[PDB]
Amino acid sequence: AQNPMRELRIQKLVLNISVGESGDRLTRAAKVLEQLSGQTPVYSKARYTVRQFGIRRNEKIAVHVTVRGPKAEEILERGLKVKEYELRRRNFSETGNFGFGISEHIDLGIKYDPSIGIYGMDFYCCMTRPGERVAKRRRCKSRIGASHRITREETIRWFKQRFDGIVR
Amino acid sequence: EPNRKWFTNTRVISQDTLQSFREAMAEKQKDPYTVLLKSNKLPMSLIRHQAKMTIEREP
Amino acid sequence: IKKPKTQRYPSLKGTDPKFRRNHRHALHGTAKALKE
Amino acid sequence: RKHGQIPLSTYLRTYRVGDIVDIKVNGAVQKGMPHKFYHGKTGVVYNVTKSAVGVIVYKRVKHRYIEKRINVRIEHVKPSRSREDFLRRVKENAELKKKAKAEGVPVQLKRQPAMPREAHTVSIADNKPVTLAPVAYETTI
Amino acid sequence: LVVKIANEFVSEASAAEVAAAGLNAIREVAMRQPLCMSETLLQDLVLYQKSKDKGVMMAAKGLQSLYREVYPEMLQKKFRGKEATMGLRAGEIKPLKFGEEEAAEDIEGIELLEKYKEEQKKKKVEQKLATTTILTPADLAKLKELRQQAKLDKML
Amino acid sequence: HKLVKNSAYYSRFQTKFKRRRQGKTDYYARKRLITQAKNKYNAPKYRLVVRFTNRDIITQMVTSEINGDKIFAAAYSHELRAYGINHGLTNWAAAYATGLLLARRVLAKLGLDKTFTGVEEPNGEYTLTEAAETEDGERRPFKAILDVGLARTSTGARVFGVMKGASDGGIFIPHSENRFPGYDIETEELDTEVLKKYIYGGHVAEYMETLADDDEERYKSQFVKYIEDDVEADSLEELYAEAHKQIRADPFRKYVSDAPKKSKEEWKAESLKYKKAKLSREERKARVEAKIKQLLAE
RNA sequence: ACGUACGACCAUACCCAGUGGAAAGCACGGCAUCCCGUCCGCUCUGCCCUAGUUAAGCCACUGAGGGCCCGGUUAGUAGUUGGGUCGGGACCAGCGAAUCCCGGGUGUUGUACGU
RNA sequence: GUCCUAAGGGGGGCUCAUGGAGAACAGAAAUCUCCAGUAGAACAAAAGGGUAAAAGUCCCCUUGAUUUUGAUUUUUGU
RNA sequence: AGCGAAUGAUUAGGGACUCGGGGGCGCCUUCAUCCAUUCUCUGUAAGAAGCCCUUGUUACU
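Here, residue numbers run from 1 along each chain following its sequence as written; these need not agree with the numbering used in the entry, and residues that have no coordinates do not appear. Just so you know, chain letters begin at A and ligand numbers begin at 1, following the order they were written in. Although these chains sit within a larger assembly, the values stated refer solely to the portion shown. Values shown for side chains rest on all heavy atoms present in the structure; no hydrogens or waters enter the calculation. Residues with missing side-chain atoms are left out of burial classes, side-chain pairs and their counts.

The record lists cryo-EM as the method behind this PDB entry and 2.91 Å as its resolution.

Right, here's the structure in full:
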């Protein structure tokens, strides 16, 4: 229970901008993600066509990026400043992951370039404990123990203890 | 062979349409000098107890 | 339906040509060995 | 046979010319598969190739038998236990006859079918017989 | 026009006959002018060959084959086929652009005819074509036969 | 509200093989590795199995039978402490030394050790052992095939370091130079100097030099036992060369592991002392009766 | 006997929950210069075996667990092969099951190196 | 008259259909994350057989989709 | 070999409707168009031509 190998850690933070249309808007959204993260973002195509969404199959409609390490903690804490360290209880998943979404990227500290415009973001934080390599490695891949899996209540407690957040 | 269309209505008609058809057809047989066209393809099937009560009351 | 007769030595006609050629060379060698 | 992976001791069995093999067709491997007939048939190996063997089968047509030579991969052939009862027996007769000739006493060395049993005595003590009716009395209850 | 036909005719709520008619019309328009279509829309329409309707399947395969002979670069590496990938790898297939006209500086098969003439001269010794010698009709027939043989060898 | 894992699912479930459920064996590659031509009959097919752990390298010569595999010879990385290498037992040079040791051991076991002596001074060149000029005639080199297991065979992996060590020991392993840690994919030319540097462990040496120049704290954190045993960056080449010389001199040295030492019988006794046992059926019936009494009380 | 590597049968081995692990070995682990690969050193690859911890993997035990496997019975029954100048199914001569129920069990083992 | 009668080989990586829980606009459906998932996907038989570090999908090279000679099966030549 | 929620119906109530058609005086309409809705899962073996030992031949391994 109090083992040093049971500490909750941020496995990754995934940043998503789903524009819903291809072209210059998606290019500028990818520029926003590249400027925020420091890495090359990856584009996401539509896997099937919807008529009244205005999208078609094999059309790039979204962009996303994954950050790990202290950079993920920094960007997540900036987003938590934007959300004023207040998340509703439904934002925490049953497996112990969480996430939220901002409506504009200027509040993270990015300057407003008139060429780029206004884009919002989806932040998703995936949490692990040390020992996830058991399920992610190639040779002798196994399953994480039930006592080692993260609980939604443990994630909520970790959030309220580290970030001084108000889960309500 | 089993088929789903054996258990469906094969001919349906609305109340006002049936009433208008019956009225027009009756007006047509009113005149004996008028003959129909393609009568075999027309829905002509739509056009074409005191003792019991007393015995029921008193056997 | 009687069982058909079977030859004492089956032909090398069915076997693979590499082993057939090696077997023919071996038969020539044992023939010269017997002749000696 | 269970779906999925094939056991790998199939490839480690060594077949030679003259060996007796069954044909049990594996559904998973389609290469080297024989006909619909010649499945479940026992034959003689005449040719041994890298991944397949040649099997001599005697098919029947009309009122005669025709020799057929069938090329079957090692997936579908299995060693046949028809002549193990011959090889073990002939070895056993070889050493037993050598030992009996060395010792001097002749023996019966041919296998014999089931003879009638000899006379013996059965004791009644602690095994007293019970009397049975044509129907059980607890059943008639 | 192609975008409107694709939006109104081939979609999730569209009927199979409507989708087949739209894809056939799109195939005919692409036959007349291939540059009207974008590569993403082309790959989307070619992926309709996995549809369970036979008419839509054949229409999508017709569009795919049409772009296979015409312009295979938009088509996916899975859907290009043998000859298209071989031509694109060896470098014979060139991009088709608006306004390009055939600009053969020499006759087709003239190099093959010159090679055949050189082979005949070498055989005679053992026993430039358009620049000096006038085109004999038998020589033109031999050049056409050599061009057909070269096309058959390239197909093989 | 549906249940995927129900009784019908558990009844229709067909498991994989045990060593595939454990994630240790690739049977698709194993079939090709162990399948021998039936024209060749009972000719053994030797495979050099290489495996890597956190603190050891496991190299074996393996043949296949019906009821199990046979280890003809085996060499481990921790046995290089007898030959001098007591630091960095999982690096590329230790992999090379373990492959060399396994090759020398299998050649000594076969008896062809003096007939087939490979490259005595490693140079870093793509070479394969050929037929030796025996007095009787031409003797072909002993042939083995590499088995990497579930390892990713990229450029610079130690699965090829073990293979290079065995090939320089004298075993004929069919191989190509494109997966050695000096090969450039664009140039398609192997860098002999870089390959020799990896053989003699110069990459670790320049790693220590770079950290000694740049980050002293991380250098002391990582290479602490190197400092404690006072082995330097420039001495690695001589250390590995002397280790190669001792391996070629006496390939059957015995190494004391410094672990607690006992015999098989009292190790068995200790393991049964530290072993809880299954309940007897009388005890399990007593506990089932206790559970039935608890259910009756409830 | 217990680990590791390669394995043979391929659930008595799988799935879900708990409890414990001497010794060493595995394992999580620590660092991204080199070889290498990624949107991300997550995986893969390279280097360290120092530190921490058995928390997870792994092993063992527990469960009136689901599943799976093996025995009795079911049953000399059902079924089936011949016979009668047997009746309007029963005998004679023989072969001969599987469910349902009642229970048991929850892996054996080869080679090599070690604890 | 147009259109369709199907891209094969080698190596490597990864699992599919679907369900549950979550993320600004975003909802039943657009993209992202985790868990469960014996094939319930896909492979040109719509409820046949066979496939999960693959026979599926993606990436990198390639056309063994090449000549020549016999044997076998379906049964004189095919 | 054929069938198949890849099916068969429902559309009263809501809309879009407009030239879809038609009527009356560019304007309204009367039908009708559809859409939104919903319902329906028998082979082989039982030997002297067979077994065991020794020994050669080979371009195969």
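What follows continues from the structure just given.
Enquirer: Please clarify how the protein's contact with RNA strand I should be interpreted in this entry.
Expert: Whether a residue is near a molecule or strand depends on its heavy atoms: if one lies within 4 Å, it is near. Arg-4 of chain B, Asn-22 of chain C together with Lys-41, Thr-42 and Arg-111 of chain D are the nearest of the 24 residues found near RNA strand I. Atoms of RNA strand I within 4 Å of the protein belong to the sugar or the phosphate in 54% of instances, the rest to bases. Two N or O atoms count as a polar contact when they lie within 3.5 Å, although within protein this holds only if one can serve as hydrogen donor and the other as acceptor, and sequence-adjacent residues are included solely when both atoms are side-chain atoms. Separating a base oxygen of RNA strand I from a side-chain N or O atom of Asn-22 of chain C is a distance of 3.0 Å. Numbering of helices and strands runs from the N terminus, with a helix taken as a DSSP run of H or I at least four residues long and a strand as a DSSP run of E at least two residues long. The element contributing the most residues to the surface near RNA strand I is helix 1 (residues 17-35) of chain C, with 6 residues. Class assignment of the residues belonging to the surface near RNA strand I gives a composition of 4 nonpolar, 8 polar and 12 charged. All amino acids are sorted into three groups, where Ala, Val, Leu, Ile, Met, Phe, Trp, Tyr, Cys and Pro are nonpolar, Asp, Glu, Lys and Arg are charged, and the leftover types, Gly among them, are polar.

Enquirer: Got a minute to help me understand the side chain of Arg-56 of chain A in this structure?
Expert: Structurally, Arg-56 of chain A can be placed in the loop between strand 2 (42-45) and strand 3 (60-67). Under the scheme applied here, a residue whose accessible area is under 20% of the maximum for its type counts as buried, over 50% as exposed, and between as partly exposed, the area being computed with a 1.4 Å probe on protein chains only. Taking the relative accessible area as the measure of exposure, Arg-56 of chain A reaches 11% and is therefore buried. At 3.4 Å, the side chain of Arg-56 of chain A forms a polar contact with the backbone oxygen of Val-10 of chain E.

Enquirer: Quick question: what am I supposed to make of the protein's contact with RNA strand G here?
Expert: Residue and element names in this part refer to chain F. As a structural note, the neighbourhood of RNA strand G is formed by 103 residues, with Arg-30, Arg-47, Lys-70, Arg-158 and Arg-281 the closest of them. Sugar and phosphate atoms constitute 68% of the interface atoms of RNA strand G, taking the interface as everything within 4 Å of the protein. Between RNA strand G and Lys-264 there is a distance of 3.0 Å, counted from a base nitrogen to a side-chain nitrogen or oxygen. Measuring from a phosphate oxygen of RNA strand G, one finds a side-chain N or O atom of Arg-287 at 2.6 Å.

Enquirer: Help me understand the interface of chain F and chain D in this model?
Expert: Interfaces are frequently sized by the accessible area removed from exposure as the parts join. Any two residues having at least one pair of non-hydrogen atoms within 4.5 Å are treated as being in contact. On the side of chain D, 17 residues touch chain F, which itself brings 17 residues to the contact. A buried area of about 1,700 Å², summed over both sides, lies between chain F and chain D, and 60% of it is on carbon and sulfur atoms. What gets called buried area is simply the loss in accessible area from a 1.4 Å probe that two parts show on being joined, summed for both. The three residues of chain F that bury the most area against chain D are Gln-14, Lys-38 and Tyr-41 of chain F, which together make up 38% of that side's buried surface. There are 9 residue pairs in polar contact connecting chain F and chain D. No other element matches helix 3 (residues 27-34) of chain F, which puts 4 residues into the side of chain F that touches chain D. For the side of chain F that touches chain D, the residue count by class is 6 nonpolar, 7 polar and 4 charged.

Enquirer: Is there a simple way to explain the layout of surface pockets in this structure?
Expert: Gaps left between atoms show up when a probe the size of a water molecule is rolled over them. Two kinds of site are reported from a 1 Å grid over the protein atoms alone, namely cavities, where a 1.4 Å probe fits but cannot get out, and pockets, open sets with protein on both sides within 12 Å along at least five of seven lines, and residues are called lining when an atom falls within 4 Å of a point. Grid points are joined across faces, edges and corners, and a volume is the space filled by probe spheres set on the points. In this structure, the largest pocket encloses a volume near 760 Å³. Lining the largest pocket are 33 residues, and of these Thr-25, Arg-30, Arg-47, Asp-69 and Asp-147 of chain F sit closest to its centre. If you list the elements that add at least two residues to the lining of the largest pocket, you get helix 3, strand 1 (47-52), strand 2 (57-64), strand 3 (69-76) and strand 6 (145-147) of chain F. Here the lining of the largest pocket takes 5 residues from helix 3 of chain F, the largest share from any one element. Of the residues contributing to the lining of the largest pocket, the split by class is 16 nonpolar, 7 polar and 10 charged. By volume, the second largest pocket is sized at about 620 Å³. Lining the second largest pocket are 20 residues, with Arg-133 and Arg-139 of chain A together with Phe-52, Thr-53 and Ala-151 of chain F positioned closest to its centre.

Enquirer: What is the right way to look at the interface of chain A and chain E in this model?
Expert: Facing 6 residues of chain A, the contacting portion of chain E comprises 13 residues. Taking both sides of the interface into account, the surface hidden between chain A and chain E amounts to around 910 Å²; carbon and sulfur atoms contribute 29%. Taken as a group, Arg-51, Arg-56 and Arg-57 of chain A account for 69% of the area that chain A buries against chain E, more than any other trio of residues on that side. Criterion for a salt bridge: a side-chain nitrogen of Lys or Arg within 4 Å of a carboxyl oxygen of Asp or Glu. Counting across the interface, chain A meets chain E through 3 salt bridges.

Enquirer: Even after reading the chapter, I still don't get the packing of aromatic side chains, so can you show me in this structure?
Expert: Aromatic ring pairs: the centre-centre distance and the angle between the two ring planes describe each pair. Only the six-membered ring of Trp is used, alongside the rings of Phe and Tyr, when aromatic pairs are assigned; centres must lie within 6.5 Å, and planes under 30 degrees apart are stacked while those over 60 apart are edge-to-face, with the rest tilted. The full count for this structure, using the stated rule, is 17 aromatic pairs over all chains. On the basis of an interplanar angle of 70° and a centroid distance of 4.6 Å, the ring pair of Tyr-46 of chain F and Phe-142 of chain F is categorised as edge-to-face. Note that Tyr-46 of chain F is positioned in the loop between helix 3 and strand 1 and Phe-142 of chain F in the loop between strand 5 (138-139) and strand 6, a separation of 96 residues in sequence. Just as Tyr-46 of chain F is buried, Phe-142 of chain F falls in that class too. Both rings, one in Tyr-219 of chain F and one in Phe-223 of chain F, keep their centres 5.8 Å apart while their planes meet at 40°; by these two values the pair is tilted. Residue classification places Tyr-219 of chain F among the buried residues on the basis of a relative accessible area of 14%. For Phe-223 of chain F, a relative accessible area of 7% translates into the label buried. Taking the ring centre of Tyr-46 of chain D as reference, the NZ or CZ of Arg-69 of chain D above it sits at 4.8 Å. Here the basic side chain of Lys-109 of chain F rests over the ring of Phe-72 of chain F, its NZ or CZ set 4.6 Å away from the ring centre. Only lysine NZ and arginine CZ atoms are considered, and such an atom sits over a ring when it is within 6 Å of the ring centre and within 35 degrees of the ring normal.

Enquirer: So what exactly am I meant to see when it comes to empty space enclosed by the protein here?
Expert: Residue and element names in this part refer to chain F. For the largest cavity, the calculated volume is near 30 Å³. If you trace the largest cavity, you find it lined by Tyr-96, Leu-100, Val-119, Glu-120, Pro-122, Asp-168, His-244 and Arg-248. Put simply, the parts of the chain that give the lining of the largest cavity at least two residues each are helix 4 (92-110) and helix 10 (236-249). Its residues assigned to classes, the lining of the largest cavity shows 4 nonpolar, 1 polar and 3 charged.

Enquirer: In this structure, what is going on with the packing of helix 1 (residues 2-9) of chain E against helix 2 (residues 16-32) of chain E? I would like to understand it.
Expert: When two helices pack together, their arrangement is given by the angle between the helix axes and the distance between those axes. All names here are of chain E. Between N-to-C directions, angles span 0 to 180 degrees; the directions come from axes that are lines fitted to C-alpha atoms, helices contributing only their stretch in contact. Orientation of helix 1 relative to helix 2, taken along the N-to-C sense of each, is 165°, at an axis distance of 9 Å. Compared by their axis directions, helix 1 and helix 2 come out roughly antiparallel. The two elements helix 1 and helix 2 cross, and the hand of that crossing is left-handed. Contacts between helix 1 and helix 2 involve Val-2, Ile-5, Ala-6 and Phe-9 from the first element and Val-18, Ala-19, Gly-22, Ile-26 and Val-29 from the second. Residues belonging to the contact of helix 1 with helix 2 are distributed by class as follows: 8 nonpolar, 1 polar and no charged. Between 65 and 115 degrees an angle is taken as roughly perpendicular, under 35 as roughly parallel, over 145 as roughly antiparallel, and anywhere else as oblique. Take the far helix as your reference; a near helix turned counterclockwise from it by less than a right angle gives a left-handed crossing, and one turned clockwise gives a right-handed crossing.

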